[PDB]
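> Output the structure for:
(chains A, B, C, D, E, F, G, H, I, J, K, L, M, N and O)
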Amino acid sequence: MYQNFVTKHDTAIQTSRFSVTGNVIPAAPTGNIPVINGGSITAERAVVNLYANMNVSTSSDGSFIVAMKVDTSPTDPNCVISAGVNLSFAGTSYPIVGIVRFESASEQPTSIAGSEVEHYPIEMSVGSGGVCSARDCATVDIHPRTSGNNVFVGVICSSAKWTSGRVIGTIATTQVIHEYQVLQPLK
Amino acid sequence: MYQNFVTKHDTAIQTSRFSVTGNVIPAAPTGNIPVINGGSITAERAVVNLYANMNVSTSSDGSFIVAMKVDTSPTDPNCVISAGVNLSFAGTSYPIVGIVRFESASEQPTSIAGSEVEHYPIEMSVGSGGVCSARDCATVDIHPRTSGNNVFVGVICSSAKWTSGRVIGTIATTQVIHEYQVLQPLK
Amino acid sequence: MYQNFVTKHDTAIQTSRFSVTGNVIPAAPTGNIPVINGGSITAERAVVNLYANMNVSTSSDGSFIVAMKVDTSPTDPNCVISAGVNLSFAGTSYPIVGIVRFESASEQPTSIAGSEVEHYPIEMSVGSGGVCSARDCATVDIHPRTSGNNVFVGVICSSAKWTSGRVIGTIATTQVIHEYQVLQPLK
Amino acid sequence: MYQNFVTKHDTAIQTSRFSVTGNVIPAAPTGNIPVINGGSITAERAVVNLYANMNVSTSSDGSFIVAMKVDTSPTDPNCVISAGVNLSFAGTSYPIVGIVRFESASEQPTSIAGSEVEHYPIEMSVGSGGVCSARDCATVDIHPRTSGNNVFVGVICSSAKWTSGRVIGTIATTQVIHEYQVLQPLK
Amino acid sequence: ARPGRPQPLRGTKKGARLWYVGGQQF
Amino acid sequence: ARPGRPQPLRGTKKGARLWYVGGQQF
Amino acid sequence: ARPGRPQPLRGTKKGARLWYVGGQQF
Amino acid sequence: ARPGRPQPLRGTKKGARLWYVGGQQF
Amino acid sequence: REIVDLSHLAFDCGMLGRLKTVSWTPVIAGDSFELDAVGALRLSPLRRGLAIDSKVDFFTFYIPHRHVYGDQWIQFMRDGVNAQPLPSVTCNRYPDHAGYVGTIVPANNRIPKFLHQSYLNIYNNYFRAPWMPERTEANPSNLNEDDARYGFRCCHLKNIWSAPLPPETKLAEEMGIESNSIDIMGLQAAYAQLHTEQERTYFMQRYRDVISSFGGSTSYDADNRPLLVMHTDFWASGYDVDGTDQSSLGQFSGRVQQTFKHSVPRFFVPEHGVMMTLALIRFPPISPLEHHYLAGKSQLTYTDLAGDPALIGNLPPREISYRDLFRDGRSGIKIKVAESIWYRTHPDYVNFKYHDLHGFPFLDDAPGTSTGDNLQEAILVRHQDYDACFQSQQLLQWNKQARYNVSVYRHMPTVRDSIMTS
Amino acid sequence: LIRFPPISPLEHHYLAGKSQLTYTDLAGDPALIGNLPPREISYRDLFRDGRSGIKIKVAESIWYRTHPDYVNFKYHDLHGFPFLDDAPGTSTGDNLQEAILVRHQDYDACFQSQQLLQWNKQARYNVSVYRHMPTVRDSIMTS
Amino acid sequence: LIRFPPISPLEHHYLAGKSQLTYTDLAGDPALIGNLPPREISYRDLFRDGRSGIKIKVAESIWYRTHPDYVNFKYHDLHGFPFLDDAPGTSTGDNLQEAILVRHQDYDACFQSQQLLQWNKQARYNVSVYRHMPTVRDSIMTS
DNA sequence: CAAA
DNA sequence: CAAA
DNA sequence: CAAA
DNA sequence: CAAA
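Numbering: from 1, shown residues only, chains lettered A, B, ... in the order given. Below, you will see the structure:
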């Protein structure tokens, strides 16, 4: 049949990749959320591979974030931001995802206050006990609301009841300001 | 590939946000359903963040609501109302969602009788034991059927068997009378 | 982004609503299936709210039906029939749904023999242990095959192993012979 | 109704099939991942049938791969690569899938280092305890980044906690450089 | 058989007066 | 080879009478 | 009733001077 | 204001010679 | 005497049956006003292809401020630079609630009376049925949601049921008789008298018409009536856009879109006032639910069918109900028609099948079927009757964009003369 | 320099704005119009949402020398028309100059996607210049 | 009255149908054609799926006075062409009249959606009638 | 259409 | 439009 | 544009 | 193109 060439999320190609291992310390919206990026992706297309241990040193119900620095060049008020996640947890905790936007004068944010995070729900492919999947996008104003900060976007992952255990998968996210060209056999 | 720019639900952008914590008292359709909004969103685009405890002080099988005040300016008989939810519960209860419409002379409804609520089913992204997800919409007549009331719409969340426990996520809903413009690289 | 205005099922608007409580007696295809409608929807758009107890007084594996009377005015051989269901059961039984067509000289069928029921499978949004969801449609010949009967359509719900317990949700179904007009901001 | 002729993945037709039995030794990204293909599909359309035992002789959390040799003839920078998987495991482990690209001067790779594998997330149809399903695609640069190697693509399957047990299903994957013609009744 | 490409129909419009209503009404 | 843009075919329509049916039938 | 196919409207443009602003301003 | 429907631009093309390169080069 | 260029463009829109102001210009005694409006008119996207054209009517009236402000104006003008400033009137606290008179409700929620009063006067002197209650609304705030924003409703295009005989039409004239005798000489006057009464009832309800009847005339200042300076009209046609995708292929949307000119010959403005120009779009009242009167009658009598002249000229009017004209005709709506009037006119036909087809501008519901047993309400155009056929009234039912070229000669110092002191 | 005529569904005729209509306004008496001083009015007097802190000095009865463009309010919130859906200089503050100069953001609203800013053009500039100029040969040749 | 010419991919030339071709058929000998009685044949003789119970009496060698329309079988099951993809009167029974009259269902097949039945039309009927008719005024006026 |  |  |  |  005819191959479908449209998609809610195009995963960055050869660039913007960072592997993250270690302990992921989920947190509650009342505190500061963990932004597991020290070498935070730039090109505003980010692919993050996960192979770490979901540790509950803090609260049992929280959320961690993966982010990227929004390119603000475009004069357009706002553009689309897509994400594509695939996470498999060991400890049944019924994960959950979505897209977020937050600012910070800091270039490489390590954590962001929950009262400083904006949410954008997205259709979750799946949300089983140990695996959340999703490939979707949302509309987000790309310009810094406070003269001075850098704008950040990414997918956030939460749970009502986390469970210590290894987590693995990929967290991809992109600011659509380019549609990847592709061999379409009939043109 | 080509980025998809259509979607069943556009989550409000910088405005219309309210965080709700505390106890959510689900109820049965025979009684009055809890409308967890005191500062009920106006612009008829609503984003509600949940970080509260699902308490069963009343019945074990019920439903709670998140709502917004419909803008009735449009002369069009009825417009589309989209919702995008992502809820993760601790207590396995197999959640469920949908869109609803109800009137009330009250500006900030605290609860609404079940026999006064209209249902509009929507494809649920997921409905696992502890996480319901959905991004869809439905057609709803936006004009007050009883000369005098204000029209309300929102997503309702129910369960056949609830279970005391923390719930977290986002409840977004919007009356489409505006499509957010967006940078489309090829135009 | 651009709001999507197409959909497999449009839930009836202000009309055709009936609430059903009590005991739902699932049955096997070898016997007569329970059509939980006494005041069976007419306009051939039906919305049915469920708040009853799934009782196994008969067999442990069966199915119940929700139906509506097909409008046969249209000279077109057959039209589309969409359904949108959201059911949350207490007793884990892995529900299942689909669309059905059956005739009967009776105006308000209370039950229909299984060997007299026609099936039309539909993509199930979800089919977890305690919640089935689906918003789809199918092509169905709308004219009475036996000179004299009335044609009925609706969604059927089955299970391989039911389990006594309260069930809640909505069963919507419509014969598409009208597409609801809607405010599309850009026209 | 009108039959849909578009699709994210077209499963190769009469060619490119290989059956794989035996022991699948999942591995961690810190080591070399198992590429269960000795007779690796060529035409860059691959269908692989699984009927083997998921054995944990190494680590409990890992991932195995199914791959194909990318045709590099096309002068187009990159083309679409679709995959369609259906795996049912015995041992509940919450599987997970995605598409990958990796090079190697070797014609028939038996295993590939994790730090040498590129990920491309895809909407997972399902990700239950014992069955992952997915039919999607992604954009991938088809030319060898290192003068000399052959380019490989395929679906990878991972888990946070594997569980010894038989696995069965099909792993299909194709490089879209041809859209299969098809009888469309109305043309 | 007339060549032209289909035109929408206009007014249902003569002899002497028909409508007496008390004066001029547009 | 004829220039024109494809036209749908009309009537299968002469000499003397063929159809006797008892009288006039349209 | 005018035949033509709808044209977008142009300038809101005469007698003597109206705008004194100190000199020439484009 | 020119009527015509937008045309793509062609060559950036005169007096005496400019490009000496050793001989003829196309 | 110099030219003042008041040319300006305008973008508007409104509901079907309602009369909207599209451009108002204040004038001064002595002004020579000329107006050439040109542009195009359209209707919100349709559901199906095009069915029929809408009749568009444009009007341009001139109203002396004296008609509005009354004797209070004569003083204003007389007292000159002393005169008690003219009072403004009130609108509701909403931007749009001034629409009917072509303007956004100003910052202070009050617009000049002449705009409001003129709109009334215009409406009462030309648009309402002479027998309907005269519109009297004091201020633009006594006006309801719909009216204030879209303009008052007007009458459907005249047909057998939309243009009946004034409801109070005499159906019999009684004359006093002694017990055994009758004054034939009185019976004489009796008839004559009736005549004068009918002449009036039928077509002389307005003072001017009565006078004109004697073969006289009446200044527009006599009964304080707006002056109709120019009235054009046309049919709005367009085209169908073809569907080209898998599911839309074979579908069509109608895009009504008609261009038009509305020219007003040089006009001499005798007294300070306003030049108001309003539009009115309507669809001919076609209904798949209407039938020929004769198909309705159950007992067909000679007096109906025969069409015998001797009778048709001497019988009294006939009282019939909408039931007699539509299948779902409201029986409580009684109209008095002229005998054998069904032989003087044929009704439009729409196969029932179009009954429930969303997209055609027909009256798929017997006129005034949701306003109750009230005739006037049935006769005036209910714009909701059309909500049905528009894909999306983002710009109401219709809308237009035109350029209003206006040239006015008037005694007016030059801006320089205004800003220069010495 | 590309510009759109400043049409606004929020502007009204000055006279519709005045609350107390005086002879000196309406009458249009010549004797007056030529001898009065200018008039100080605020944007409030011209737009419903007119910023009152913006004072402009106009010429008397200037509202009788010119008619303003009209846009039914309904176009107010319709994304797509190049109108000023917001009273001029409504987001620059009580600063006149800022209101008068064209704020290009006032238009972001109506464009589907400024991938090439608001406008853009492609043209060929044919230029011919006569001048004292040795030939390239003369430049590269020494002898 | 709208009709489609009765084209059928299932009809064949009478002569292609006859099994035993006789002189009296093929020859077309005048001497015979003018003196033989009519011929009783069945729809079977004209269509592959021709109902044999439908007997019609035709004139001799009438197949030499007229040629039948041809439709390659392939259009047989192609939804969309207004042909009779089923031998005339194939679902009305061995009743001739029923076969001869136009069964409109034979066409349901080719229309995407009879929302306005098979066909539909929109026209203006201009009618002018001269007649002895008092004027409406004369009707409403008594004196 | 009596192609009488 | 008094089709006076 | 001093519509000086 | 020796714009020799």
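
> need the residues of chain I near chain B, please.
Within chain I, the residues that sit near chain B (C-beta under 8 Å from any C-beta of the partner chain) are I:15, I:387, I:392-394, I:396. Where C-beta positions appear, they are placed from N, C-alpha and C, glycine not excepted.

> same thing but at 6 Å, please
Applying C-beta under 6 Å from any C-beta of the partner chain, we find that chain I lies next to chain B at I:387, I:392-393.

> Of these, just say which sits nearest to chain C.
The shortest approach to chain C among the residues of chain I next to chain B belongs to residue I:392, at 4.7 Å (C-beta to the nearest C-beta).

> Within range of chain D, give me the residues from the stretch 201-350 of chain I.
Counting by C-beta under 6 Å from any C-beta, the residues of the stretch 201-350 of chain I near chain D are I:246-247.

> got a winner among the residues of chain I next to chain B for most neighbours?
Highest neighbour count within the residues of chain I next to chain B: residue I:393, with 25 neighbours (other C-beta atoms under 10 Å in any protein chain shown).

> how about that one, what does it touch?
Contact partners of residue I:393, counting by C-beta atoms under 6 Å, 6 or more residues apart in numbering or on different chains, are B:75-76, I:44.

> Can you lay out the residues you listed as TSV showing secondary structure, distance to chain H and neighbour count?
Below are the contacts of residue I:393 laid out as TSV (DSSP: H, G, I helix; E, B strand; the rest coil; distance: C-beta to the nearest C-beta, whole Å; neighbours: other C-beta atoms under 10 Å in any protein chain shown):
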residue	secondary structure	distance to chain H	neighbour count
B:75	coil	38	23
B:76	coil	37	23
I:44	coil	30	22
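
> Nearest to residue I:291 among the residues you listed?
Of all those, residue I:291 sits closest to residue I:44, with 30.9 Å by C-beta to C-beta.

> who does the closest residue to that closest one other than its chain neighbours bridge with?
Excluding its sequence neighbours, the residue lying closest to residue I:44 (C-beta to C-beta, 6 or more residues apart in numbering or on different chains) is residue I:390, at 4.4 Å. Under DSSP bridges, the beta-bridge partners of residue I:390 are residue I:46.

> Longest helix of chain I, counting residues only.
Scanning chain I for the helix with the most residues, using DSSP state H, yields helix I:184-203.

> Find the nearest non-adjacent residue to the residue of chain E found nearest chain G, please.
Closest to chain G within chain E is residue E:10: 9.7 Å, counting by C-beta to the nearest C-beta. If you skip the residues right next to it in sequence, residue E:10 has residue I:235 as its closest partner in space, 4.2 Å away by C-beta to C-beta, 6+ apart.

> Does the one you found fall in a helix, a strand, or a coil region?
Classification of residue I:235 by DSSP: H, G, I helix; E, B strand; the rest coil places it in strand.

> quick one: what helix or strand has the residue positioned nearest the centre of chain A in it?
Centroid check for chain A by C-alpha atoms, centre = their mean gives residue A:155 as the closest residue, at 2.3 Å. Using DSSP states H and E, residue A:155 maps to strand A:150-158.

> Name the residues that touch the helix or strand just after that strand?
Counting by DSSP H and E, the next helix or strand C-terminal to strand A:150-158 is strand A:165-175. For strand A:165-175, the surrounding residues in contact (C-beta under 6 Å, 6+ apart) are A:11-12, A:44-51, A:53-54, A:66, A:68, A:70, A:81-91, A:154-155, D:61, D:119, D:121, D:158, D:160.

> Which residue does chain E have closest to chain F?
Chain F sits closest to residue E:1 of chain E, with a gap of 9.7 Å, by C-beta to the nearest C-beta.

> can you check chain I too?
For chain I, C-beta to the nearest C-beta, closest residue to chain F: residue I:250, 16.4 Å.

> what secondary structure does whichever residue of the stretch 51-200 of chain I sits closest to chain H sit in?
Using C-beta to the nearest C-beta, residue I:58 is the residue of the stretch 51-200 of chain I that sits closest to chain H, at 29.7 Å. With three-state DSSP as the basis, residue I:58 sits in strand.

> What is the neighbour count of it?
Neighbours around residue I:58, by other C-beta under 10 Å: 23.

> next one: the one 10 residues further on
Residue I:68: 23 surrounding residues under other C-beta under 10 Å.

> Look up how far residue G:12 lies from it.
28 Å (C-beta to C-beta, to the nearest Å).

> swap in residue I:361?
Note on residue I:361: its distance to residue G:12, by C-beta to C-beta, is 34 Å.

> higher neighbour count, those two?
Neighbours were counted for residue I:361 and for residue G:12 using other C-beta under 10 Å; residue I:361 has more, 26 against 17.

> isn't that one right next to residue I:388, touching?
No - applying C-beta atoms under 6 Å, one finds residue I:361 not in contact with residue I:388, separated by 8.7 Å.

> Next one: residue I:81 from residue I:421, what distance?
For residue I:81, the distance to residue I:421 - C-beta to C-beta - is 19 Å.

> now residue I:265
40 Å.

> so residue I:386 sits in a helix?
Yes - with three-state DSSP as the criterion, residue I:386 is part of a helix.

> before we move on, the earlier item: filter the contacts of strand A:165-175 down to the buried ones.
A:11-12, A:44-51, A:54, A:66, A:68, A:70, A:81-91, A:154-155, D:61, D:119, D:121, D:158, D:160 (16 or more other C-beta atoms under 10 Å in any protein chain shown).

> In terms of helices and strands, where is the closest residue to chain D within chain E?
Nearest residue of chain E to chain D: residue E:6, at 25.2 Å (C-beta to the nearest C-beta). Using DSSP H and E, residue E:6 maps to neither a helix nor a strand.

> Centre of the chain to the helix or strand hosting residue A:64, how far?
Assigned by DSSP H and E, residue A:64 belongs to strand A:63-69. Strand A:63-69 sits 5 Å away from the centroid of its parent chain (C-alpha atoms, centre = their mean, to the nearest Å).

> which residues touch the helix or strand just after it?
Note on strand A:63-69: by DSSP H and E, the next helix or strand toward the C-terminus is strand A:78-89. With C-beta under 6 Å, 6+ apart as the test, strand A:78-89 has contacts from A:8-9, A:11, A:95, A:97, A:99, A:130-135, A:137, A:139-142, A:153, A:155, A:167-177, B:182-183, D:94, D:96, D:98, D:121, D:159-160.

> what do you get for stretch A:42-62?
With C-beta under 6 Å, 6+ apart, stretch A:42-62 has contacts from A:12, A:16-28, A:66, A:68-71, A:160-162, A:164-175, B:166, D:29.

> Of all the residues in chain I, which one is nearest chain A?
Counting by C-beta to the nearest C-beta, chain I gets nearest chain A through residue I:246, at 10.8 Å.

> contacting residues around the residue of chain I closest to chain F?
residue K:112.

> mind running it again at 7 Å?
Contact analysis of residue I:250 by C-beta atoms under 7 Å, 6 or more residues apart in numbering or on different chains lists I:243, K:112.

> repeat for residue I:62
I:227, I:229, I:267, I:269, I:273, I:275.

> repeat that with 6 Å
Counted by C-beta under 6 Å, 6+ apart, residue I:62 has contacts I:227, I:229, I:275.

> nearest spatial neighbour of the second one, skipping sequence neighbours?
Distance criterion C-beta to C-beta, 6+ apart; nearest residue to residue I:229, sequence neighbours excluded, is residue I:60 at 4.7 Å.

> I'd guessed that neighbour sits against residue I:277; true?
Yes - counting by C-beta under 6 Å, residue I:60 does reach residue I:277; the two are 4.4 Å apart.

> more crowded one of those two?
More neighbours surround residue I:60 than the other of residue I:60 and residue I:277, with 26 against 22 (other C-beta under 10 Å).

> and the more buried one, what are its bridge partners?
Assigned bridge partners for residue I:60, using DSSP bridges, are residue I:230, residue I:277.

> From DNA strand N, how far off is it?
Distance from residue I:60 to DNA strand N, counting by C-beta to the nearest atom of the strand, to the nearest Å: 31 Å.

> Thank you kindly, that will do.
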